[PDB]
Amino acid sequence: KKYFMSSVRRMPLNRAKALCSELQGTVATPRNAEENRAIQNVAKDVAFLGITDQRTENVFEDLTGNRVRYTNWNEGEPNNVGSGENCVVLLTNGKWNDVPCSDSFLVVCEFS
């Protein structure tokens, strides 16, 4: 099964990726509502998910460039505000929001 663990500190996506990979895991990518809720269980505050539309705007892929199916966008999202929000975070209500990849949030790593 997948196991989810949340970080203590906040960091931008690249550092989040490096953290999870240090222990041979990846940034949590929920594939369904059950997994989304499991990530919610460990995330005490807004946290990065392993999803981005960095390749093509409004086409969301996991960090391995594999287009995702399941999404749980908060109402009004994704809105790509300003210069661009190409990363994704899980809000404390379980819904998602696109944010700048350079902004800092907790990270939830995924292992199996």
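Residue positions are given as counts along the sequence shown, with the first one as 1. Take the two forms, find the largest set of C-alpha atoms that superpose within 1.5 Å, and that set is the rigid core.
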Top-deviation stretch by C-alpha RMS in 9 other deposited structures of this protein (rigid core reference), from 100 to 108, 85 to 93, is 85 to 93
Taking the deposited Cα B-factors and averaging over 56 to 64 and over 43 to 51, the higher mean is found in 56 to 64
Between 23 to 31 and 82 to 90, which has the higher average C-alpha B-factor in the PDB entry?
-> 82 to 90
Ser102 CA temperature factor, ranked by third within the chain | middle
In terms of the CA temperature factor given in the entry, to which third of its chain does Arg9 belong: lowest, middle or highest?
-> highest
